[PDB]
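Visitor: Let me give you the structure first, and then I'll get to my questions.
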Amino acid sequence: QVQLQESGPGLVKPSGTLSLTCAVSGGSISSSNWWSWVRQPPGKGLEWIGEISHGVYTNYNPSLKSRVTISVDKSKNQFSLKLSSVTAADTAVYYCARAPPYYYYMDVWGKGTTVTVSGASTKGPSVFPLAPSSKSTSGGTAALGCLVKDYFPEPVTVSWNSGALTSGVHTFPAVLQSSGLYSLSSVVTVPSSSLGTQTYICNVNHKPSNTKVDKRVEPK
Amino acid sequence: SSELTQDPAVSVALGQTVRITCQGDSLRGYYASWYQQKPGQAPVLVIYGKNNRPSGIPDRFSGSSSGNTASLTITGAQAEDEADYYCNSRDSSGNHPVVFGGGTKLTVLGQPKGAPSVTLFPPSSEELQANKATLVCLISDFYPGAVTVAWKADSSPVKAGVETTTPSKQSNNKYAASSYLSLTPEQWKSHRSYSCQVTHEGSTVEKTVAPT
């Protein structure tokens with residue numbers, strides 16, 4: 001019943017230090033388990049980073065040894081990862097995981113957090129409503145959404161109605177424009193009969209730029 | 001080159017049996033663990049140890065190992081088995097760091113064709129108030145994952161200001177893509193309509209929006 005959750009900055013400057021934390025529930029961090037870190041560059045394979053057990057014994061990937069530190073906070077029941085002197089080769093999704101003390105495997109994984117190494121500055125997106133109308137309404141079904149325009153870096157999380165609306169939601173992968181900024185759209189399919197009654201709000205969160213917006217989507 | 005090597009791509013037909021192999025000198029003495037990963041999700045452990053399978057993984061996943069090799073077998077493959085598969089173990093040198101195979105992309109042949117669903121949104125009044133204009137063409141639920149997008153102002157083809165994503169696999173194993181047409185507010189209001197035309201397997205779906 002152990003669950004893991006990463007948390008990180010999202011953007012790290014070149015030659016800076018990446019710092020992440022993993023919250024652990026359902027199991028003590030001082031256990032004999034090997035609490036682990038794994039990363040994966042976009043479109044590439046998985047790479048193991050390191051592990052820690054009993055909050056004392058660490059083991060690191062030899063290709064990263066001189067730059068990696070894995071620690072444990074027993075008071076918060078967490079463990080952390082620090083990677084120094086980062087370059088663009090360290091841009092990846094980072095996962096925390098758990099291995100037992102006998103075969104080896106990682107059976108429990110976190111959700112993963114994206115970190116991009118870049119010298120460019122963050123950029124908060126503009127959130128525009130994509131209003132439903134008779135042109136986006138086929139039958140008793142209407143399409144409405146939100147345009148998340150011009151942000152950097154990835155990612156952006158989009159929920160609807162504070163997460164109470166999941167059916168019919170489709171958040172599309174972002175486009176990388178020639179300007180170097182990202183844009184994505186999230187569309188939800190709802191009964192066209194509910195447009196005059198149900199309020200629809202897209203919850204956009206872009207943590208690297210501190211942009212958290214709930215945009216109400218209404219028919220014009 | 002890797003410590004654990006596996007073939008980068010393999011295909012299997014629906015209902016058939018495929019086997020993915022992992023080779024490495026670390027495999028003598030360390031049993032490999034196998035992970036399934038779908039695009040956008042975390043890896044999921046499917047097989048470890050001596051054909052040991054975690055609770056919740058279907059029985060059609062089995063594993064074996066002999067010598068310096070390990071094998072993941074998928075008996076009677078379904079559509080939900082299409083993913084990347086990684087092997088994994090510890091090295092036998094030094095203090096035994098964990099090594100991943102390069103990954104094997106498994107294609108499940110014989111899946112049904114799917115026509116694209118297209119939704120086209122005009123520029124929002126808020127964006128036009130900001131002196132910008134973006135047409136949003138969302139494409140989903142098409143298989144195979146190959147689509148060509150064509151934009152038209154009134155009836156004339158438009159290539160400038162168009163940015164289209166690569167197709168990405170959805171949860172239902174079909175594909176999605178989006179295309180954005182950037183315009184000045186003057187261009188948007190000075191045309192009768194704009195259209196997004198989506199061609200897939202020789203058939204075309206067109207959506208049209210107009211300023212009003």
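Labeling convention for the structure tokens: chains A, B, ... as they appear, residues from 1 per chain, ligands from 1 in order of appearance.
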Residues near residue 113 (chain A), anyone? I mean within 9 Å using only C-alpha atoms, not counting same-chain ones fewer than 4 positions away, as a list in words.

Guide: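 Result of the neighbour search: residues 5, 6, 7, 8, 10, 20, 92, 93, 94, 95 and 155 of chain A.
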
Visitor: Pull out every residue of chain A sitting within 8 Å of chain B, counting only C-alpha atoms, and send them as JSON, numbers by chain.

Guide: {"A": [45, 46, 47, 48, 50, 59, 60, 61, 62, 95, 103, 104, 105, 106, 107, 109, 110, 111, 112, 128, 129, 130, 131, 135, 136, 143, 172, 173, 174, 175, 176, 177, 185]}

Visitor: Could you turn the residues from that selection into a file that holds N, CA, C and O atoms, as a tab-separated table (two decimals), in the first residue's frame?

Guide:
chain	number	residue	atom	x	y	z
A	45	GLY	N	15.47	5.78	-23.29
A	45	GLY	CA	15.26	4.69	-22.36
A	45	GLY	C	15.44	5.09	-20.91
A	45	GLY	O	15.83	6.21	-20.58
A	46	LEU	N	15.14	4.14	-20.03
A	46	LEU	CA	15.26	4.36	-18.59
A	46	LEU	C	16.71	4.25	-18.15
A	46	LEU	O	17.46	3.41	-18.64
A	47	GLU	N	17.10	5.12	-17.21
A	47	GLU	CA	18.44	5.09	-16.63
A	47	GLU	C	18.32	5.15	-15.11
A	47	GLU	O	17.69	6.06	-14.57
A	48	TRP	N	18.93	4.17	-14.44
A	48	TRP	CA	18.93	4.12	-12.99
A	48	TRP	C	19.92	5.14	-12.43
A	48	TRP	O	21.02	5.30	-12.95
A	50	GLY	N	20.26	5.96	-8.58
A	50	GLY	CA	20.85	5.52	-7.32
A	50	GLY	C	19.78	5.01	-6.37
A	50	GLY	O	18.59	4.96	-6.70
A	59	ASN	N	24.08	3.79	-3.06
A	59	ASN	CA	24.68	3.17	-4.22
A	59	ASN	C	24.25	3.97	-5.44
A	59	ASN	O	23.05	4.18	-5.64
A	60	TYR	N	25.21	4.41	-6.24
A	60	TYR	CA	24.95	5.33	-7.34
A	60	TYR	C	25.38	4.73	-8.67
A	60	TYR	O	26.24	3.84	-8.73
A	61	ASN	N	24.78	5.24	-9.74
A	61	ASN	CA	25.19	4.88	-11.09
A	61	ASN	C	26.62	5.37	-11.32
A	61	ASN	O	26.90	6.56	-11.11
A	62	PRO	N	27.54	4.50	-11.75
A	62	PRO	CA	28.93	4.94	-11.95
A	62	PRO	C	29.08	6.10	-12.92
A	62	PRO	O	29.98	6.93	-12.74
A	95	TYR	N	11.80	9.73	-11.80
A	95	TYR	CA	10.93	8.91	-10.97
A	95	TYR	C	11.65	8.50	-9.69
A	95	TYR	O	12.85	8.20	-9.72
A	103	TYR	N	15.41	-11.46	-5.11
A	103	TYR	CA	15.63	-10.89	-6.43
A	103	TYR	C	15.55	-9.37	-6.37
A	103	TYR	O	15.05	-8.79	-5.40
A	104	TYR	N	16.03	-8.72	-7.42
A	104	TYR	CA	15.93	-7.28	-7.55
A	104	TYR	C	14.80	-6.90	-8.48
A	104	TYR	O	14.58	-7.55	-9.51
A	105	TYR	N	14.09	-5.83	-8.12
A	105	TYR	CA	13.07	-5.22	-8.97
A	105	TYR	C	12.64	-3.92	-8.30
A	105	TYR	O	12.94	-3.67	-7.13
A	106	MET	N	11.93	-3.09	-9.06
A	106	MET	CA	11.30	-1.88	-8.54
A	106	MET	C	9.80	-2.03	-8.79
A	106	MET	O	9.34	-1.89	-9.92
A	107	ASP	N	9.05	-2.35	-7.73
A	107	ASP	CA	7.63	-2.65	-7.86
A	107	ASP	C	6.74	-1.44	-7.65
A	107	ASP	O	5.66	-1.36	-8.24
A	109	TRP	N	6.36	2.68	-7.98
A	109	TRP	CA	6.89	3.83	-8.69
A	109	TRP	C	6.06	5.06	-8.36
A	109	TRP	O	4.85	4.97	-8.13
A	110	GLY	N	6.72	6.22	-8.35
A	110	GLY	CA	6.03	7.49	-8.32
A	110	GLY	C	5.47	7.85	-9.68
A	110	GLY	O	5.61	7.13	-10.66
A	111	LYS	N	4.82	9.02	-9.73
A	111	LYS	CA	4.22	9.49	-10.97
A	111	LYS	C	5.24	10.09	-11.93
A	111	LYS	O	4.97	10.17	-13.13
A	112	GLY	N	6.40	10.51	-11.42
A	112	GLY	CA	7.40	11.14	-12.25
A	112	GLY	C	7.25	12.64	-12.30
A	112	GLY	O	6.13	13.16	-12.34
A	128	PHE	N	-6.79	30.74	-22.53
A	128	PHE	CA	-7.95	31.24	-23.24
A	128	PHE	C	-9.05	30.19	-23.29
A	128	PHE	O	-8.76	29.01	-23.54
A	129	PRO	N	-10.30	30.57	-23.06
A	129	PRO	CA	-11.39	29.60	-23.15
A	129	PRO	C	-11.70	29.27	-24.60
A	129	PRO	O	-11.65	30.13	-25.48
A	130	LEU	N	-12.00	28.00	-24.85
A	130	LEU	CA	-12.47	27.53	-26.15
A	130	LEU	C	-13.96	27.25	-25.98
A	130	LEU	O	-14.35	26.19	-25.49
A	131	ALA	N	-14.78	28.22	-26.38
A	131	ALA	CA	-16.19	28.24	-26.01
A	131	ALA	C	-16.98	27.22	-26.84
A	131	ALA	O	-16.70	27.03	-28.03
A	135	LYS	N	-21.31	25.04	-33.73
A	135	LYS	CA	-20.30	24.46	-34.61
A	135	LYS	C	-19.46	23.39	-33.92
A	135	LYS	O	-18.91	22.52	-34.60
A	136	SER	N	-19.36	23.42	-32.59
A	136	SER	CA	-18.68	22.39	-31.82
A	136	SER	C	-19.67	21.45	-31.13
A	136	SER	O	-19.28	20.69	-30.23
A	143	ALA	N	-18.47	20.23	-27.43
A	143	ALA	CA	-17.05	20.25	-27.14
A	143	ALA	C	-16.64	21.65	-26.70
A	143	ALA	O	-16.93	22.63	-27.40
A	172	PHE	N	-4.34	17.43	-24.79
A	172	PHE	CA	-3.46	17.01	-25.87
A	172	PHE	C	-2.00	17.32	-25.56
A	172	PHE	O	-1.71	18.29	-24.84
A	173	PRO	N	-1.08	16.51	-26.07
A	173	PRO	CA	0.34	16.85	-25.94
A	173	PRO	C	0.63	18.20	-26.57
A	173	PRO	O	0.03	18.59	-27.58
A	174	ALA	N	1.57	18.92	-25.97
A	174	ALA	CA	1.86	20.28	-26.39
A	174	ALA	C	2.62	20.30	-27.71
A	174	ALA	O	3.33	19.35	-28.07
A	175	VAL	N	2.47	21.41	-28.43
A	175	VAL	CA	3.26	21.68	-29.62
A	175	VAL	C	4.44	22.56	-29.22
A	175	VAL	O	4.31	23.43	-28.35
A	176	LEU	N	5.60	22.31	-29.82
A	176	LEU	CA	6.78	23.14	-29.63
A	176	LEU	C	6.89	24.07	-30.82
A	176	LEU	O	7.20	23.64	-31.94
A	177	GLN	N	6.62	25.35	-30.59
A	177	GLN	CA	6.60	26.33	-31.66
A	177	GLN	C	8.02	26.75	-32.04
A	177	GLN	O	8.98	26.49	-31.32
A	185	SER	N	-3.70	22.26	-25.69
A	185	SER	CA	-5.13	22.45	-25.51
A	185	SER	C	-5.70	21.25	-24.78
A	185	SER	O	-5.24	20.12	-24.93

Visitor: Show which residues sit within 10 Å of residue 79 (chain B), as a ChimeraX atom specification. Count only C-alpha atoms, and ignore same-chain residues fewer than 4 positions away.

Guide: /B:13-15,83,107-112,172-173

Visitor: Could those selected residues go to a file with N, CA and C atoms, as a JSON list (two decimals), in the first residue's frame?

Guide:
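Writing done, so here's selection12.json:
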[["chain", "number", "residue", "atom", "x", "y", "z"],
["B", 13, "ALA", "N", 1.14, -10.37, -33.96],
["B", 13, "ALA", "CA", -0.25, -10.25, -34.37],
["B", 13, "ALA", "C", -1.17, -10.51, -33.18],
["B", 14, "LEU", "N", -2.38, -9.95, -33.26],
["B", 14, "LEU", "CA", -3.37, -10.12, -32.20],
["B", 14, "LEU", "C", -3.61, -11.60, -31.93],
["B", 15, "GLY", "N", -3.57, -11.97, -30.65],
["B", 15, "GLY", "CA", -3.79, -13.35, -30.25],
["B", 15, "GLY", "C", -2.60, -14.26, -30.41],
["B", 83, "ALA", "N", 3.29, -1.64, -26.00],
["B", 83, "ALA", "CA", 4.01, -0.72, -25.13],
["B", 83, "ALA", "C", 5.51, -0.92, -25.36],
["B", 107, "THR", "N", 4.98, -3.84, -31.12],
["B", 107, "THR", "CA", 3.85, -3.47, -31.96],
["B", 107, "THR", "C", 2.89, -4.65, -32.05],
["B", 108, "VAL", "N", 1.61, -4.40, -31.80],
["B", 108, "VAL", "CA", 0.57, -5.42, -31.87],
["B", 108, "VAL", "C", -0.15, -5.21, -33.20],
["B", 109, "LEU", "N", 0.17, -6.06, -34.18],
["B", 109, "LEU", "CA", -0.41, -5.94, -35.51],
["B", 109, "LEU", "C", -1.84, -6.49, -35.52],
["B", 110, "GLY", "N", -2.64, -5.97, -36.45],
["B", 110, "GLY", "CA", -4.00, -6.43, -36.64],
["B", 110, "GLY", "C", -5.06, -5.67, -35.88],
["B", 111, "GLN", "N", -4.73, -4.52, -35.31],
["B", 111, "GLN", "CA", -5.72, -3.75, -34.58],
["B", 111, "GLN", "C", -6.67, -3.05, -35.56],
["B", 112, "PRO", "N", -7.91, -2.79, -35.15],
["B", 112, "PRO", "CA", -8.89, -2.22, -36.08],
["B", 112, "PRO", "C", -8.56, -0.78, -36.45],
["B", 172, "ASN", "N", -6.62, 4.38, -25.22],
["B", 172, "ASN", "CA", -7.29, 3.32, -25.96],
["B", 172, "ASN", "C", -6.48, 2.80, -27.14],
["B", 173, "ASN", "N", -5.17, 3.06, -27.16],
["B", 173, "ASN", "CA", -4.21, 2.63, -28.17],
["B", 173, "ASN", "C", -4.43, 3.29, -29.53]]

Visitor: Where in region 15-211 of chain B does DSSP assign alpha helix (DSSP H), given as a ChimeraX atom specification?

Guide: /B:125-129,185-189

Visitor: Please measure the separation of CA of residue 133 (chain B) and CA of residue 185 (chain B), giving the value in Å to one decimal.

Guide: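 Answer for the CA of residue 133 (chain B) to CA of residue 185 (chain B) separation: 5.5 Å.
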
Visitor: Rounded to one decimal place, report the CA of residue 150 (chain B)-CA of residue 200 (chain B) distance in Å.

Guide: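 Between CA of residue 150 (chain B) and CA of residue 200 (chain B) the gap is 11.5 Å.
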
Visitor: Fewer than 3 positions away in the same chain doesn't count, so skip those; otherwise give me all residues within 12 Å of residue 76 (chain B), counting only C-alpha atoms, as a list in words.

Guide: residues 12, 13, 14, 15, 16, 17, 18, 19, 58, 59, 60, 61, 62, 73, 79, 80, 81 and 108 of chain B

Visitor: Which value, in Å to one decimal, gives the distance between CA of residue 149 (chain A) and CA of residue 163 (chain A)?

Guide: 21.3 Å

Visitor: Quick one: everything within 7 Å of region 201-205 of chain A, counting only C-alpha atoms, minus sequence neighbours fewer than 2 positions away in the same chain. Send it as number ranges by chain.

Guide: A: 146, 156-162, 199, 207, 211-217

Visitor: Next, dump the selected residues to file, keeping only N, CA and C atoms, as an mmCIF file, in the first residue's frame.

Guide:
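That gives us part_38.cif:
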data_model
loop_
_atom_site.group_PDB
_atom_site.id
_atom_site.type_symbol
_atom_site.label_atom_id
_atom_site.label_comp_id
_atom_site.auth_asym_id
_atom_site.auth_seq_id
_atom_site.Cartn_x
_atom_site.Cartn_y
_atom_site.Cartn_z
ATOM 1 N N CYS A 146 -9.852 24.631 -23.333
ATOM 2 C CA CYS A 146 -8.974 25.722 -22.941
ATOM 3 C C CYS A 146 -7.682 25.643 -23.737
ATOM 4 N N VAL A 156 2.571 21.317 -18.113
ATOM 5 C CA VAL A 156 1.386 21.991 -17.598
ATOM 6 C C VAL A 156 0.353 20.922 -17.272
ATOM 7 N N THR A 157 -0.230 21.000 -16.081
ATOM 8 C CA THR A 157 -1.321 20.118 -15.696
ATOM 9 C C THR A 157 -2.647 20.837 -15.896
ATOM 10 N N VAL A 158 -3.620 20.125 -16.457
ATOM 11 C CA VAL A 158 -4.945 20.677 -16.714
ATOM 12 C C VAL A 158 -5.981 19.697 -16.188
ATOM 13 N N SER A 159 -6.789 20.147 -15.236
ATOM 14 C CA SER A 159 -7.958 19.414 -14.783
ATOM 15 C C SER A 159 -9.197 20.253 -15.066
ATOM 16 N N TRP A 160 -10.365 19.654 -14.852
ATOM 17 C CA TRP A 160 -11.631 20.335 -15.086
ATOM 18 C C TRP A 160 -12.492 20.236 -13.839
ATOM 19 N N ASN A 161 -13.027 21.378 -13.406
ATOM 20 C CA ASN A 161 -13.897 21.461 -12.235
ATOM 21 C C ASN A 161 -13.219 20.868 -11.000
ATOM 22 N N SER A 162 -11.966 21.275 -10.786
ATOM 23 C CA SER A 162 -11.171 20.854 -9.631
ATOM 24 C C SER A 162 -11.008 19.337 -9.571
ATOM 25 N N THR A 199 -21.448 24.753 -14.719
ATOM 26 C CA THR A 199 -20.287 25.606 -14.919
ATOM 27 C C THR A 199 -19.071 24.740 -15.227
ATOM 28 N N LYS A 207 3.788 25.272 -12.741
ATOM 29 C CA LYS A 207 4.591 25.571 -11.560
ATOM 30 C C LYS A 207 5.890 26.321 -11.851
ATOM 31 N N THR A 211 2.192 30.048 -12.424
ATOM 32 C CA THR A 211 0.947 30.374 -13.113
ATOM 33 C C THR A 211 -0.081 29.301 -12.772
ATOM 34 N N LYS A 212 -1.057 29.661 -11.939
ATOM 35 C CA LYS A 212 -2.152 28.770 -11.565
ATOM 36 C C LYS A 212 -3.455 29.518 -11.809
ATOM 37 N N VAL A 213 -4.198 29.098 -12.829
ATOM 38 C CA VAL A 213 -5.373 29.820 -13.296
ATOM 39 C C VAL A 213 -6.530 28.842 -13.434
ATOM 40 N N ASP A 214 -7.696 29.234 -12.929
ATOM 41 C CA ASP A 214 -8.951 28.534 -13.174
ATOM 42 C C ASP A 214 -9.763 29.405 -14.124
ATOM 43 N N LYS A 215 -9.878 28.977 -15.377
ATOM 44 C CA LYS A 215 -10.554 29.753 -16.409
ATOM 45 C C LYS A 215 -11.954 29.194 -16.629
ATOM 46 N N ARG A 216 -12.964 30.035 -16.423
ATOM 47 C CA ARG A 216 -14.338 29.648 -16.701
ATOM 48 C C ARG A 216 -14.589 29.670 -18.205
ATOM 49 N N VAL A 217 -15.230 28.622 -18.713
ATOM 50 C CA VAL A 217 -15.506 28.471 -20.137
ATOM 51 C C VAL A 217 -17.013 28.566 -20.329
#

Visitor: Extract the full set of strand (DSSP E or B) residues from region 17-95 of chain A according to DSSP on the backbone, and format it as a PyMOL selection string.

Guide: chain A and resi 18-25+34-40+47-53+57-60+68-73+78-83+92-95

Visitor: Restricting the calculation to only C-alpha atoms, which member of A:43, A:209, A:98, A:75 is positioned closest to residue 105 (chain B)?

Guide: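 Using only C-alpha atoms, residue 105 (chain B) sits closest to A:43.
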
Visitor: I want to know what sits within 6 Å of residue 143 (chain B), based on only C-alpha atoms, with residues of the same chain fewer than 6 positions away left out; could you give that as a tab-separated table (two decimals) with N, CA and C atoms, in the first residue's frame?

Guide:
chain	number	residue	atom	x	y	z
B	113	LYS	N	-8.90	-0.42	-37.68
B	113	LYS	CA	-8.73	0.94	-38.15
B	113	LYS	C	-9.69	1.88	-37.42
B	114	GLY	N	-9.24	3.10	-37.17
B	114	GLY	CA	-10.07	4.11	-36.55
B	114	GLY	C	-10.04	5.44	-37.28
B	174	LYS	N	-5.37	4.22	-29.65
B	174	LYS	CA	-5.48	5.04	-30.84
B	174	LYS	C	-4.60	6.27	-30.67

Visitor: From the options B:188, B:194, B:82, B:159, which residue's atoms come nearest to residue 10 (chain B), counting only C-alpha atoms?

Guide: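 Of all the options, B:82 lies closest to residue 10 (chain B).
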